[PDB]
């Protein structure tokens, strides 16, 4: 199957790439979209880093949450039974998918907040704006 890698433990010391690279690599195996950009390296360009986080901000997963599906009968004498349990199952899966999406949103937010390149990119932009003097 596809293995899961938890995020690095908040509040410990670690290299940003050593810690988060394996997390995104594992999460990305569930992508319905390719190509799949890499977290990258210390020298990735601002545009590459923007593209990486854009992919995640639009992530579309095929991860299934079908473990708690009720069995759907094909032979019920109640004609509505089959579609009813399909819809009840799907509602449960959808709730879990919604949670999974929310989980990923928070994971990505965390990574953005720790990305050392973004800190430098924001410093560079700040100096650009100051030079431009549009206020």
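Numbering follows the first chain given and starts at 1.
Per-stretch averaging of Cα B factors for 65 to 73 and 29 to 37 places 65 to 73 on top. Looking at mean Cα B-factors across 116 to 124 and 5 to 13, the upper value is held by 5 to 13.
Among 91, 54, 108, 42, the highest C-alpha B-factor in the deposited entry belongs to 54. Among all modelled residues in this chain, the alpha-carbon of residue 80 has a temperature factor (C-alpha) in the lowest third. Residue 102: CA B factor lies in the middle third for its chain, per the PDB record. Sorting the modelled residues of the chain by their CA temperature factor places residue 60 in the highest third.
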